[PDB]
Structures are given as C-alpha cells and as structure tokens.
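Some notes on the structure that comes next.
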Amino acid sequence: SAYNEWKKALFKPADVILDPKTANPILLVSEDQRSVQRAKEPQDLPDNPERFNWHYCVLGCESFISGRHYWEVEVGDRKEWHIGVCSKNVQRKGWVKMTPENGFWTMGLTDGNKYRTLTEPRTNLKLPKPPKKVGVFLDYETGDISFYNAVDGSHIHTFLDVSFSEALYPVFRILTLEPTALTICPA
C-alpha cells in the first residue's frame with residue numbers, strides 16, 4: 001500500500017516505549033514497555049510529579065519538539081481506548097478535561113462503537129470500518145496531528161494547523177477492564 005511504502009519516507013518512525021513513572025496507578029505497563037492494561041484496583045505506587053493521578057493515562061518516554069514522526073498502535077478488538085499526543089506541561093494531578101485547549105490532541109473509541117475526538121464538546125467520527133491498528137502522525141512544523149487506519153491507509157481524523165510550542169508526548173488512555181490490551185507496534 002502507499003501508506004506502508006511512504007510512511008517512513010515522510011515521517012521518522014518513533015520507537016515509542018511507555019514510561020511507567022507517568023502511568024496512573026490503575027494501569028499496568030508490560031515488561032517490554034509496549035503495552036498497557038488496566039488493573040481491577042489501583043496498585044500501590046508513589047505519587048511522583050510525573051504520574052497522572054486522576055486520568056487513566058500513560059506517556060511515552062520521549063517527547064518531540066520538532067520534525068515529522070509516527071507510530072502505530074494495535075487497538076485490536078478493544079471496546080474503549082483513546083490515543084494521540086499531549087503537551088509536556090499538561091495538568092497531571094486532578095482533573096481538567098482532555099481537550100486541545102488543555103493540551104491534549106487525542107481521539108478514540110468508547111462503548112464499543114462510538115468513535116470520537118476528545119474536543120470540547122466531543123465530536124463523533126463516522127468510520128467506514130472499525131480500525132484494528134491506528135497510525136498516529138505528527139508534523140510539528142505544520143501543526144498537524146493525523147490518525148489513519150494502519151491496515152488500509154484510510155483517514156480517521158486530523159487536528160489541523162495547531163500552533164505547538166511545548167514538547168509533545170505520545171499519550172494513551174484506557175478506562176475499561178477488558179481482555180485485550182493496548183499495544184504499541186515496535187519501529
């Protein structure tokens with residue numbers, strides 16, 4: 001596919017590994033640091049400043065301050081998940097809504113079949129086919145964050161022309177307790 005042939009020509013493949021120091025205590029990061037699951041109850045962890053203590057999210061280890069980058073995430077048959085990027089300086093303690101205004105550029109799935117962007121207000125997406133693998137693409141210079149179905153190259157959503165100033169981290173959120181994890185594809 002053109003998607004597969006060209007993605008590495010235009011975007012640097014990011015090798016994203018999850019940062020356990022950032023993960024909400026109810027999340028489990030796999031040994032290989034590519035996958036995240038939820039626990040039934042929060043685990044006993046320090047409340048170090050880097051850790052999300054309310055939002056059920058986790059960041060990649062590395063942030064971006066320039067250039068074009070991409071990574072792919074196997075969402076599989078999960079009924080709930082949200083992914084994208086956030087600013088380094090987002091509020092990690094307590095709650096502010098995950099929205100672009102609050103430094104989050106994310107989309108995902110809720111309730112099995114409701115795809116949406118995490119905007120204010122949330123906006124529904126109409127997807128021809130349910131994606132199993134999602135490519136997340138960042139062009140720092142153009143301010144574009146795009147999401148594609150990684151299997152067939154179809155477009156899912158683009159946040160256009162954002163005026164980035166802060167470093168951007170891959171972010172991942174899961175709320176539900178389900179058999180399938182959320183898993184980053186290695187570069």
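The chains in the structure tokens are called A, B, ... from first to last as shown; in each chain the residues are counted from 1, and the ligands are counted from 1 in the order shown.
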DSSP on the backbone: what in segment 133-166 of chain A comes out strand (DSSP E or B), as a count of residues only?
18
List as a PyMOL selection string the protein and nucleic acid residues near segment 156-167 of chain A, meaning an atom at most 8 Å away when only C-alpha atoms are counted, but skip any in the same chain fewer than 2 places from it.
chain A and resi 63-65+87-89+105+125+127+140+142-149+154+169
Just to be explicit: take each residue in the selection above, keep C-alpha atoms, and write the result as a PDB file, in the first residue's frame.
ATOM      1  CA  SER A  63       8.807  13.876  23.590  1.00  0.00           C
ATOM      2  CA  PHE A  64       9.056  15.794  20.286  1.00  0.00           C
ATOM      3  CA  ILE A  65       9.926  19.483  19.825  1.00  0.00           C
ATOM      4  CA  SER A  87       1.904  18.769  25.837  1.00  0.00           C
ATOM      5  CA  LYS A  88       4.699  18.153  28.358  1.00  0.00           C
ATOM      6  CA  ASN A  89       3.077  20.694  30.676  1.00  0.00           C
ATOM      7  CA  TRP A 105      -4.843  16.095  20.922  1.00  0.00           C
ATOM      8  CA  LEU A 125     -16.411  10.335  13.913  1.00  0.00           C
ATOM      9  CA  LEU A 127     -15.693   5.371  10.336  1.00  0.00           C
ATOM     10  CA  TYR A 140       5.486  19.627  14.320  1.00  0.00           C
ATOM     11  CA  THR A 142       2.727  22.234  10.062  1.00  0.00           C
ATOM     12  CA  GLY A 143       0.930  21.726  13.392  1.00  0.00           C
ATOM     13  CA  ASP A 144      -0.858  18.614  12.044  1.00  0.00           C
ATOM     14  CA  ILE A 145      -1.690  15.545  14.135  1.00  0.00           C
ATOM     15  CA  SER A 146      -3.256  12.847  11.931  1.00  0.00           C
ATOM     16  CA  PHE A 147      -4.734   9.415  12.585  1.00  0.00           C
ATOM     17  CA  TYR A 148      -5.007   6.653   9.951  1.00  0.00           C
ATOM     18  CA  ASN A 149      -6.269   3.093   9.788  1.00  0.00           C
ATOM     19  CA  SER A 154      -7.809   5.238   5.303  1.00  0.00           C
ATOM     20  CA  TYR A 169       4.428  13.173  24.216  1.00  0.00           C
TER      21      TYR A 169
END
What are the closest atom pairs, with distances in Å to one decimal, for all residues of segment 66-167 of chain A lying within 12 Å of segment 35-43 of chain A? Consider only C-alpha atoms, order rows by chain and residue number, and present the result as JSON lines.
{"residue": "A:73", "atom": "CA", "partner": "A:35", "partner_atom": "CA", "distance": 9.4}
{"residue": "A:74", "atom": "CA", "partner": "A:35", "partner_atom": "CA", "distance": 9.4}
{"residue": "A:75", "atom": "CA", "partner": "A:35", "partner_atom": "CA", "distance": 10.4}
{"residue": "A:78", "atom": "CA", "partner": "A:37", "partner_atom": "CA", "distance": 10.9}
{"residue": "A:80", "atom": "CA", "partner": "A:38", "partner_atom": "CA", "distance": 11.6}
{"residue": "A:81", "atom": "CA", "partner": "A:37", "partner_atom": "CA", "distance": 10.7}
{"residue": "A:83", "atom": "CA", "partner": "A:36", "partner_atom": "CA", "distance": 11.9}
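The nearest approach to residue 23 of chain A among the residues A:151, A:85, A:175, A:58, with only C-alpha atoms taken into account, belongs to A:58.
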For residue 98 of chain A, find every residue with an atom within 9 Å (counting only C-alpha atoms), except residues of its own chain fewer than 6 positions away, and show them as a list in words.
residues 55, 104, 105, 106, 118, 119 and 120 of chain A
Selection to disk with N, CA, C and O atoms, as a short mmCIF file (atom, residue, chain, number, x, y, z; two decimals), in the first residue's frame:
data_model
loop_
_atom_site.label_atom_id
_atom_site.label_comp_id
_atom_site.auth_asym_id
_atom_site.auth_seq_id
_atom_site.Cartn_x
_atom_site.Cartn_y
_atom_site.Cartn_z
N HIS A 55 -6.52 11.02 35.72
CA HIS A 55 -6.72 10.48 34.36
C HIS A 55 -6.01 9.13 34.25
O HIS A 55 -4.88 8.98 34.74
N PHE A 104 -4.25 18.44 25.05
CA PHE A 104 -4.40 17.05 24.59
C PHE A 104 -5.00 17.02 23.19
O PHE A 104 -6.05 17.64 22.95
N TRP A 105 -4.34 16.29 22.29
CA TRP A 105 -4.84 16.10 20.92
C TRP A 105 -5.03 14.59 20.74
O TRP A 105 -4.09 13.87 20.36
N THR A 106 -6.24 14.12 21.05
CA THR A 106 -6.49 12.68 21.08
C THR A 106 -7.84 12.33 20.45
O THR A 106 -8.74 13.18 20.36
N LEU A 118 -11.50 13.87 21.19
CA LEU A 118 -11.62 14.41 22.54
C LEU A 118 -11.47 15.93 22.52
O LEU A 118 -10.46 16.50 22.93
N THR A 119 -12.52 16.56 22.01
CA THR A 119 -12.62 18.00 21.87
C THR A 119 -13.68 18.52 22.83
O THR A 119 -14.32 17.74 23.54
N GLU A 120 -13.86 19.84 22.86
CA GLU A 120 -14.93 20.45 23.64
C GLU A 120 -15.92 21.14 22.70
O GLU A 120 -15.59 22.18 22.14
#
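Between atom CA of residue 5 of chain A and atom CA of residue 180 of chain A the interatomic distance comes to 28.7 Å.
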Which one of A:62, A:44, A:50, A:111 sits closest to residue 17 of chain A if you count only C-alpha atoms?
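Among A:62, A:44, A:50, A:111, it is A:62 that comes nearest to residue 17 of chain A.
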Separation of atom CA of residue 20 of chain A from atom CA of residue 46 of chain A in Å
11.3 Å
Atomic separation - atom CA of residue 176 of chain A relative to atom CA of residue 31 of chain A, Å
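Between atom CA of residue 31 of chain A and atom CA of residue 176 of chain A the gap works out to 20.7 Å.
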From the set A:3, A:115, A:56, A:95, which residue has the shortest atom-to-atom contact distance to residue 174 of chain A, counting only C-alpha atoms?
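Closest residue, counting only C-alpha atoms: A:56.
When only C-alpha atoms are used to measure the gap to residue 4 of chain A, the shortest distance among A:90, A:96, A:136, A:150 belongs to A:150.
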